[PDB]
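Here is how names work: the chains are called A, B, and so on, in the same order as the sequence lines, proteins then strands, and each is numbered from 1.
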2 protein chains.
Amino acid sequence: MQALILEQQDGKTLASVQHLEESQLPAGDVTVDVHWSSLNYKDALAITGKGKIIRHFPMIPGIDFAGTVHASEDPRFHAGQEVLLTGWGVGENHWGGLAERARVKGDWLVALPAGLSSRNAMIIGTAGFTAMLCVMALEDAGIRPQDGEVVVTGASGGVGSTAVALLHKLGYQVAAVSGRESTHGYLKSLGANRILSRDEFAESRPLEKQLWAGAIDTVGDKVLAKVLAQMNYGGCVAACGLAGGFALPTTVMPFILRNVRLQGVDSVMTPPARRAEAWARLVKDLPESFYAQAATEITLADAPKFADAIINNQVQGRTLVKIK
Amino acid sequence: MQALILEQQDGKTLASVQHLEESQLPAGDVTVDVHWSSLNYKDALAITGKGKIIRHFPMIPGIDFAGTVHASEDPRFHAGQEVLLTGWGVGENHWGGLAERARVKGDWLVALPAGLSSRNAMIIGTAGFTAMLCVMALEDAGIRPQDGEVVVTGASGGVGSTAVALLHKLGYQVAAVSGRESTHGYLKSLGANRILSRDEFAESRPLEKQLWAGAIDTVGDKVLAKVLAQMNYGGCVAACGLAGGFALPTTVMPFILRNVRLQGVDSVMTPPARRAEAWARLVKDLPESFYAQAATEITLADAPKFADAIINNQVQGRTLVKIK
Ligand SMILES: NC(=O)c1ccc[n+]([C@@H]2O[C@H](COP(=O)([O-])OP(=O)(O)OC[C@H]3O[C@@H](n4cnc5c(N)ncnc54)[C@H](OP(=O)(O)O)[C@@H]3O)[C@@H](O)[C@H]2O)c1
Ligand SMILES: NC(=O)c1ccc[n+]([C@@H]2O[C@H](COP(=O)([O-])OP(=O)(O)OC[C@H]3O[C@@H](n4cnc5c(N)ncnc54)[C@H](OP(=O)(O)O)[C@@H]3O)[C@@H](O)[C@H]2O)c1
């Protein structure tokens, strides 16, 4: 079998496609013939050797994959069945998606839903699944299209792009925040009602003027701090990222004076039930047009190059990896 | 009529009980003969001139009151009716409850709930109403007694005492955090199962060991930051306070890695349906023993002295003001 393999020569990560035997695969009760994977921000860090994502080498990266079951000892899954996986430590501490074959716990798999192609599941990937979870968080908080504008940060990215399209489809007025001017036409076509510059969110008072009924944040750090200060009374922010930094230098004022909810969204260990629900919602809520707009398809050996482009913020939308 | 009056000579607030004519009260549809009020942290800030709570002088402070309607131009209220009020800006921008009479909008009043005495309504006051809103937030998040331990910070105070008593009644295992060894017996008597020192909430990593299914925070600052770092995956913190400072020096990690919810709770502008629900729940969920254990009854003339004690963290439980 072939696989993208991370090894460490002199402490610096080297990535290259290599042949290896199925016998080397980690233990698990389901074996999957992988047809598609993707590159997420976390995959890019893993591949660039940045971020301390990988604590064991050599490692097959890729926190995502979709394919067909080769063999299964889990009674929920049968040989030939179409399945997908995102998260659960896969591609971090367990051999990953960017390989022709993977062996995992059946607990980590999701049956490919009726209404979603294996290829499109990967275009969504971890990033899109996370966006769906964020949207469901706003809904849980009672945030409706009629309540006001929803703001999306890091909007041109994988999570951001998906969130814009989901919110647009669901009827919300969407404001997209982006540090790049080249992404504007793209963002408008995704459904953004207006585009705002990243520099507009540098520093804030504890409370700013109320602007947002809802927010989906991929940035963290000072951007998230300012969004919080700008939330309408009873607004909700769904936070999932740290593209701008992991710190959260905020105050309790939006919370105790404006009754704001900050809902954290984790994709790695999302419970099976909510996980299944998110995938079913994606079938319903993501327009077929999104898949053509947001995706760039690459081959396995091109991953390191794109990993680099992702870290340097030189891409927009989602990176789909054909594994075949 | 008699009322506690706040005036500032030169950037400093002066508080004294004075006699005034009823005709000096602000305009409003409902005139109430006040029988009870209370002192909350916010009232103590107002009365001591700290916290920029009052921007208009002279002011009659007191964000709570309970009494009997003398006259009403509002068709929802009638002469002789028992009513209570918390919040709505009363005691901040509108002459408030620390007086023999108050005049207010019908919208700000709550008919005295069946089963609740006027005196007990004020032992509860804003502090207890807030604790109830915090408990309801944990419930909204699906935090059940079987799910794990709930921590209450600033536990010996007004909101904290009520919170401990409510959670205890509802069947939770409760941990109380206090910076005063002298409050431990009192906290145990309210139903706290575990008592921890505030000293243990001074430094923290972005993620600490997972300890709490839920939390009710009245302190903010570092204590809140560490509580966030200690939340179980999917845990919820209901935050309502700033006794320890208004800053929130935290990181996105508990949110994006552990799916934590931080729900802000405001008592001031709580809409009528939720506000009515909270009062109904309080009547049901606070044991009779609570009113006896938590309350210290003072007269209006004692208010300034007690406001000092509150700000100096030299009181425990709830301060009840007999106005009648
Ligand atoms: N389980 C989880 O909570 C989970 C799951 C998926 C993703 N994430 C996190 O969510 C974030 C987004 O992931 P992704 O895969 O969408 O990433 P991405 O496509 O690589 O980029 C996200 C966007 O963030 C913006 N950005 C990048 N650097 C920035 C900076 N220094 N300051 C402000 N904005 C910056 C860029 O948008 P613009 O150029 O338009 O400004 C970029 O397109 C990442 O931090 C990722 O690790 C977490
Ligand atoms: N969100 C809202 O609409 C609203 C409504 C009501 C109350 N509040 C806020 O909630 C908080 C509690 O109100 P309350 O009436 O219960 O006040 P309280 O009776 O004074 O309780 C505050 C408690 O915090 C602890 N504390 C005091 N100073 C501290 C410090 N410097 N560092 C760490 N802990 C400290 C003390 O407990 P220990 O001695 O046991 O440590 C004290 O009992 C206040 O900040 C108040 O403004 C907000």
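- Within 6.0 Å of the NZ atom in B:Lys50, the count of heavy atoms belonging to other residues, nucleotides or ligands does not exceed 12.
- Here the side chain of A:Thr270 pairs no donor or acceptor atom with the backbone of A:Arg275 at under 3.5 angstrom.
- Between B:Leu138 and B:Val237, the closest side-chain pair of non-hydrogen atoms is not below 4.5 Å.
- A donor atom on one side chain and an acceptor atom on the other are found under 3.5 Å apart for B:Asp64 and B:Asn40.
- If you take CD on B:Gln316 and CD1 on B:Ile310, they are separated by 13.0 Å, rounding to the nearest 0.5 Å.
- Counting heavy atoms from C-beta on, the side chains of B:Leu6 and B:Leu14 never come closer than 4.5 Å.
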Do B:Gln263 and A:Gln263 pass the side chain to side chain contact (heavy atoms under 4.5 Å, CB included) test, and can you show the C-alpha distance, the side-chain angles, and the key distance before you say yes or no? CA-CA 8 Å; B:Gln263 176 66 62; A:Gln263 177 68 62; over 6 Å; no
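- A distance of 10.0 Å separates CG in B:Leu133 from CD1 in B:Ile216, rounded to the nearest 0.5 Å.
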Carefully, step by step, assess B:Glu149 and B:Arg194 under the rule side chain to side chain contact (heavy atoms under 4.5 Å, CB included). CA-CA 10 Å; B:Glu149 190 168 355; B:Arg194 205 199 297 279; 2.8 Å; yes
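- Going from atom CG of B:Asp33 over to atom NE2 of B:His35 covers 5.5 Å, rounded to the nearest 0.5 Å.
- Side chain of B:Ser38 to backbone of B:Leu320: no donor-acceptor contact under 3.5 angstrom is found.
- Using a 4.5 Å heavy-atom threshold, the side chains of B:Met59 and B:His94 count as separate.
- The distance from atom CG of B:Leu300 to atom CD of B:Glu100, rounded to the nearest 0.5 Å, is 8.0 Å.
- Taken to the nearest 0.5 Å, the OG1 atom of B:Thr31 stands 8.0 Å off from the CD atom of B:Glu73.
- Here B:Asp140 pairs with B:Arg274 in a salt bridge; the nearest charged N to carboxylate O distance falls below 4.0 Å.
- Summarising the geometry of B:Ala79 relative to B:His70, their closest heavy-atom pair is CB-O, 3.5 Å, with the distance given to 0.1 Å.
- Across B:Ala309 and B:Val315, no two heavy atoms sit closer than the pair CB-CG1, 3.6 Å.
- Taking both residues in full, the closest heavy atoms of B:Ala163 and B:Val152 are given as CB-CG1, 4.0 Å, listed atom of the first, atom of the second, then distance.
- Smallest separation of non-hydrogen atoms from B:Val227 and B:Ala215: CG1-CB, 3.7 Å.
- Side-chain atoms of B:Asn232 do not come within 3.5 Å of backbone N or O of B:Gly235 as any donor-acceptor pair.
- Inter-residue side-chain proximity for B:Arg281 and B:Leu170 is flagged as met; some heavy-atom pair is nearer than 4.5 Å.
- The pair B:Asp308-B:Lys305 does not count as a salt bridge, with every side-chain nitrogen at least 4.0 angstrom from each carboxylate oxygen.
- When side chains are defined from C-beta on, B:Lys42 counts as touching B:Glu92, because their heavy atoms get closer than 4.5 Å.
- Counting only N and O atoms by type, the side chains of A:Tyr233 and B:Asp266 include a donor and acceptor under 3.5 Å apart.
- With a 4.5 Å cut-off on side-chain heavy atoms, B:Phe65 and B:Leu98 do not count as touching.
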Anything under 3.5 Å between a donor and an acceptor, one on a side chain of residues 239-251 of chain B, the other on a protein residue two or more places apart or in another chain? List them.
unit_1   : atom_1 : unit_2   : atom_2 : d
B:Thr251 : OG1    : B:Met253 : N      : 3.2

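- Counting only N and O atoms by type, the side chains of A:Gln230 and A:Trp212 include a donor and acceptor under 3.5 Å apart.
- You'll find the side chain of B:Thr153 stays beyond 4.5 Å of the side chain of B:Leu224, heavy atoms only.
- For the residue pair B:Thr183 / B:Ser178, a side-chain donor-acceptor distance below 3.5 Å is found, with atom types taken as modelled.
- Taking all atoms of both residues into account, the shortest heavy-atom contact from B:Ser267 to B:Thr126 is OG-CG2, 3.6 Å.
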Indicate every side-chain donor-acceptor pair of residues 101-114 of chain B with a distance under 3.5 Å to a residue at least two apart or in another chain.
unit_1   : atom_1 : unit_2  : atom_2 : d
B:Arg103 : NH1    : B:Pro26 : O      : 3.4
B:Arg103 : NH2    : B:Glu22 : O      : 3.3
B:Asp107 : OD1    : B:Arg76 : NH1    : 3.1
B:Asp107 : OD1    : B:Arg76 : NH2    : 2.8

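- The two atoms that bring B:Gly125 and B:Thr86 nearest to each other are C-CG2, 4.0 Å, heavy atoms only.
- Annotation for B:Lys52: atom NZ does not count as buried by contact number, only 12 or fewer foreign heavy atoms lying within 6.0 Å.
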Check step by step if side chain to side chain contact (heavy atoms under 4.5 Å, CB included) holds for B:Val223 and B:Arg198. CA-CA 8 Å; B:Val223 171; B:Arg198 194 160 95 208; 4.2 Å; yes
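- Counting only distance, with no hydrogens or angles, the side chain of B:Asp285 and the backbone of B:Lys169 share no donor-acceptor pair below 3.5 Å.
- A ring pair (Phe, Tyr, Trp, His ring centres under 6.0 Å) check over residues 248-291 of chain B, counting only residues at least two apart or in different chains, returns the pairs B:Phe129-B:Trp279.
- At least one donor-acceptor pair closer than 3.5 Å links the side chain of B:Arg258 to the backbone N or O of B:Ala229.
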Set out, in order, the CA-CA distance, both residues' side-chain angles and the distance that settles side chain to side chain donor-acceptor pair (under 3.5 Å) for B:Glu82 and B:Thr68, then state yes or no. CA-CA 5 Å; B:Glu82 298 291 310; B:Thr68 306; 2.7 Å; yes
Check the pair A:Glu139, A:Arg144 against salt bridge (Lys or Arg N to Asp or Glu O under 4.0 Å), reporting the backbone distance first and the verdict last. CA-CA 7 Å; A:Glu139 290 172 342; A:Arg144 304 158 302 172; over 6 Å; no
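- At least one donor-acceptor pair closer than 3.5 Å links the side chain of B:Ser72 to the backbone N or O of B:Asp74.
- Under the 4.0 Å criterion applied to side-chain N and carboxylate O atoms, B:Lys222 and B:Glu203 are not assigned as salt-bridge partners.
- How far CD1 of B:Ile53 is from CG of B:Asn93: 11.5 Å, rounded to the nearest 0.5 Å.
- At a threshold of 4.5 Å between non-hydrogen side-chain atoms, the residues B:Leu207 and B:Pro254 count as touching.
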Please determine whether salt bridge (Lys or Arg N to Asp or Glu O under 4.0 Å) holds for the pair B:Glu200 and B:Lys226, giving the CA-CA distance in whole Å, both sets of side-chain angles, and the decisive distance to 0.1 Å. CA-CA 9 Å; B:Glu200 308 268 286; B:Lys226 187 150 178 194; over 6 Å; no
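- There is a side-chain donor-acceptor pair under 3.5 Å between B:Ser156 and B:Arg180.
- Judged purely by atom type and a 3.5 angstrom limit, B:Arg318 uses its side chain to pair as donor or acceptor with the backbone of B:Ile124.
- In this model, a donor atom of one side chain and an acceptor atom of the other lie less than 3.5 Å apart for B:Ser16 and B:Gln18.
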